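Here's the structure we're looking at; comments come further down.
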Amino acid sequence: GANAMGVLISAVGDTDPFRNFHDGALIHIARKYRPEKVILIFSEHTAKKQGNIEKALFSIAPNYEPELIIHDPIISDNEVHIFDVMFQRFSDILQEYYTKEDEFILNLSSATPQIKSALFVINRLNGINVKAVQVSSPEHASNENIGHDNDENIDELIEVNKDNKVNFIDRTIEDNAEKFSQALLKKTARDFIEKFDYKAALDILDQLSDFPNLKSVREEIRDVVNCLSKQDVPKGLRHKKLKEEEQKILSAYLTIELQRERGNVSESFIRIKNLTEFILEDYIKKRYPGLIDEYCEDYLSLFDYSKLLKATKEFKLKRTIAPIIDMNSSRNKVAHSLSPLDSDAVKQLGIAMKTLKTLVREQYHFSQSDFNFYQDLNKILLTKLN
Amino acid sequence: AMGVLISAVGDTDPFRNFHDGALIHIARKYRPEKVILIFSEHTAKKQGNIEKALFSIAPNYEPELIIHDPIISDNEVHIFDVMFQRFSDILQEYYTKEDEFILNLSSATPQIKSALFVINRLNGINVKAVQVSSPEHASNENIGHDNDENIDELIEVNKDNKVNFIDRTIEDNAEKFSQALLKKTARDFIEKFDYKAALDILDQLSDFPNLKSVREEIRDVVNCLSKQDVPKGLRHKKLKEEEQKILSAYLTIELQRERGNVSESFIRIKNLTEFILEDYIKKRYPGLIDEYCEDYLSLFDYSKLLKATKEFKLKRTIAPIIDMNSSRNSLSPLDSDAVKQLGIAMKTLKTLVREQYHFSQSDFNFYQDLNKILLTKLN
RNA sequence: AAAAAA
């Protein structure tokens with residue numbers, strides 16, 4: 001299609017078009033950047049000045065003929081000062097006019113603070129990141145004790161205006177929102193962490209400008225990410241109170257809970273069988289040395305362990321794993337098939353879950369606190385990320 | 001547990017136009033036990049008048065006044081990003097969970113008032129934030145500043161100096177801005193394929209036109225994927241049922257690699273490869289598998305069936321995946337030699353299905369393309 | 001309602 005035009009989106013305030021022998025923000029940005037289109041957002045208070053605005057814009061240079069879009073509806077005066085209302089209004093306005101194709105400029109220095117705030121914020125909250133320009137006061141200080149030129153003769157203001165030259169003094173400052181963009185990225189990293197997407201959180205942290213806590217937070221998350229992918233035990237779960245296999249059991253269990261939270265239900269069924277199998281092997285090797293080797297004159301399965309628990313009169317434990325044995329058919333669908341699970345097969349996972357937990361709680365005496373590893377880690381990580 | 005007002009100081013404070021400025025008006029209404037004052041160079045000049053005004057509210061009301069150090073340079077007080085960082089730091093310095101804070105959204109430069117409005121929600125503290133409306137209830141154009149006047153005169157003629165003053169405060173609850181931050185979080189989740197986390201946000205959003213559409217789209221994905229089913233969007237009418245199962249299960253493996261969950265993918269790759277081979281043999285050699293089943297079939301069986309049919313190119317192609325059987329088989333950790341195996345099986349598998357089923361570049365891009373539509377609807 | 005309640 002056609003090539004990009006420069007479009008200046010701007011509101012209008014008491015300092016437009018001119019004040020104190022100088023350009024207001026709107027005219028100054030137009031004068032410097034010469035946009036082809038200018039979308040003008042008025043309020044009831046400022047609409048009376050529409051003609052003087054267009055006169056001022058066509059007064060800049062003789063071959064400068066900007067296309068002036070006068071937005072509709074204008075902004076009601078009893079809304080123009082409310083923060084949250086103007087945020088919505090200028091979200092709506094910016095979605096109405098933004099195009100990927102053109103090259104936009106936001107005037108951050110005309111109208112109420114609630115409108116200027118909204119423009120500054122939305123530019124980055126919605127990731128359009130167009131050019132955002134402030135215009136300094138010519139006082140380079142408070143405009144206290146400096147009046148408004150709105151009741152004056154427009155043609156005079158145009159003539160006396162000190163910016164009415166080719167070599168005007170540039171009072172424009174471009175915003176790049178470096179610090180604010182970091183806060184938005186950190187917010188995303190925190191959102192990811194709360195929901196246990198540690199890999200996605202780590203991707204954000206690798207692209208962050210440095211600050212004190214950044215390297216330890218990144219180091220803590222990397223170890224979690226790396227170990228979990230390799231199906232290892234993160235350093236944080238290698239409690240010295242626990243034997244090595246207890247650490248593997250505790251971590252493998254907590255990973256299925258993470259898996260459940262993230263909606264990976266079908267993958268849970270293979271993990272529950274493997275963990276239960278590992279726990280039973282561990283229990284039988286510890287309690288009946290040489291039993292498994294005798295049996296193995298034939299990898300053992302839940303069914304083999306069930307027989308061994310009968311042979312050893314381990315009758316409570318035999319009933320404990322019965323719900324996990326029931327979901328054997330569904331585990332088979334996720335392990336040797338592409339057939340889908342029904343909603344009943346799903347609800348099993350909740351039952352096996354409550355069972356798995358009472359199992360590991362009973363055999364290894366994990367505390368409520370031990371089960372809370374990732375929640376408690378998140379707490380500390382989040383505070384370290386502002 | 002005490003009430004604490006954080007406030008900058010502007011040209012309208014302490015008094016203007018026979019009325020409270022924002023700082024005094026908020027203090028007069030809410031009576032914070034503590035008031036943290038952030039001056040700039042320009043406004044520090046009237047510190048004494050500010051304190052006199054604050055103590056002039058009531059004889060039995062003495063707020064504890066904290067004069068923040070360092071004051072803000074006038075040459076930064078007007079820049080958006082700088083003032084955002086500055087007041088982000090200030091709020092972290094003073095915030096406690098035990099107290100109850102108030103933010104004055106109506107004193108100092110627009111960049112300072114914007115910073116206060118934004119950080120309150122961006123950073124989740126969500127304390128009370130108050131605007132004070134001009135007594136003109138309109139533009140203060142043509143209204144001067146009373147900073148050069150007599151402070152005692154101002155205090156006495158102040159129309160607000162009374163028990164039943166006109167309440168000009170407006171409490172900000174940032175309903176729309178809070179929704180935008182939730183939408184941004186939902187967008188961020190979608191780009192990274194956490195459809196479940198995105199769904200949980202969308203279930204908490206105030207309704208807007210597209211919401212129900214976007215909700216249903218994601219719910220179908222989350223629900224079908226959790227049951228190892230095929231999302232409706234992947235049931236392409238151009239595809240045989242089992243080709244849809246194959247395309248979906250492949251893309252699910254890709255999703256797990258993106259989310260870092262490599263551990264899962266080895267069992268997924270085996271079943272998908274087993275399913276492809278059985279598809280290929282059932283089509284090409286009718287009854288062969290039944291003949292073979294005279295004494296669930298595994299990769300080893302399909303390998304022998306490929307041998308028996310002299311399909312040696314195919315038997316060779318699936319060799320990386322059979323090699324992976326040691327790693328796919330407990331609770332020991334994968335080493336990095338096995339992590340690279342998965343990467344190769346993934347390329348092997350992709351080329352297999354491209355040959356066997358002729359999936360297009362676009363077909364493999366289902367989730368990326370769906371995210372595009374979802375994201376636009378969530379702006 | 002440009003660097004200071006609309």
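Numbered from 1 within each chain, the chains take letters A, B, ... in sequence-line order. What you see below is based on every heavy atom in this structure, not just the backbone, and it leaves out hydrogens, waters and symmetry mates.
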Qualifying residues under side chain to side chain donor-acceptor pair (under 3.5 Å), relative to [X], sequence neighbours excluded:
{"X": "B:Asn75", "value": "none"}
{"X": "A:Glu79", "value": "none"}
{"X": "B:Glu93", "value": "none"}
{"X": "B:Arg168", "value": "B:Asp160"}

5'-most contact on RNA chain C: B:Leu105 or B:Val77, nearest heavy atom basis?
B:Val77
Which is more 5' along RNA chain C, the nucleotide nearest B:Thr109 or the one nearest A:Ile115? Just name the residue.
A:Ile115
With sugar-phosphate meaning primed atoms plus P, OP1 and OP2, does [X] contact a base, only sugar-phosphate, or nothing at under 4.0 Å between heavy atoms?
{"X": "A:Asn20", "value": "nothing"}
{"X": "A:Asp23", "value": "base"}
{"X": "A:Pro138", "value": "base"}

In terms of side-chain heavy atoms of B:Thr43, which of C:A5, C:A2, C:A4 is nearest?
C:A4
Consider the side chain of B:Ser40, meaning its heavy atoms from C-beta on, and name the nucleotide among C:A4, C:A5, C:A2 that approaches it most closely.
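Among C:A4, C:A5, C:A2, the one nearest the side chain of B:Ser40 is C:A4.
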Tell me: [atom1] of [X] to [atom2] of [N], nearest whole Å?
{"X": "A:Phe120", "N": "C:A3", "atom1": "CZ", "atom2": "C1'", "result": "16 Å"}
{"X": "B:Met83", "N": "C:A2", "atom1": "CE", "atom2": "P", "result": "19 Å"}
{"X": "B:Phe165", "N": "C:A5", "atom1": "CZ", "atom2": "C1'", "result": "16 Å"}
{"X": "B:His78", "N": "C:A2", "atom1": "NE2", "atom2": "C1'", "result": "10 Å"}
{"X": "A:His28", "N": "C:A3", "atom1": "NE2", "atom2": "P", "result": "13 Å"}
{"X": "A:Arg19", "N": "C:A3", "atom1": "CZ", "atom2": "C1'", "result": "10 Å"}
{"X": "B:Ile79", "N": "C:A2", "atom1": "CD1", "atom2": "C1'", "result": "13 Å"}
{"X": "B:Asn147", "N": "C:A5", "atom1": "CG", "atom2": "P", "result": "10 Å"}

Note, B:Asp81 side chain near A:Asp175 side chain (heavy atom, < 4.5 Å)
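The answer is yes, as the side chains (C-beta and beyond) meet within the 4.5 Å cut-off.
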Taking the inter-plane angle between the rings of A:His28 and A:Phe168 on a 0 to 90° scale, is it parallel (under 30°), tilted (30 to 60°) or perpendicular (over 60°)?
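Answer is perpendicular, since the angle exceeds 60°.
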Should [X] be listed as having a side-chain N or O under 4.0 Å from OP1 or OP2 of [N]?
{"X": "A:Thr15", "N": "C:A2", "answer": "yes"}
{"X": "B:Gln111", "N": "C:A3", "answer": "yes"}
{"X": "A:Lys116", "N": "C:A4", "answer": "no"}

Just jot down the salt bridge (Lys or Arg N to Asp or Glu O under 4.0 Å) partners of A:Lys131, sequence neighbours excluded, or say none.
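In terms of salt bridge (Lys or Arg N to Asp or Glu O under 4.0 Å), with neighbours along the sequence ignored, A:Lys131 is linked to A:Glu174.
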Using a strict heavy-atom distance below 4.0 Å, which residues from residues 142-149 of chain A are in contact with RNA chain C?
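Close to the strand are A:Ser142, A:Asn143, A:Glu144.
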When rounded to the nearest 0.5 Å, the distance separating CG of B:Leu182 from CZ of B:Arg121 is 12.0 Å
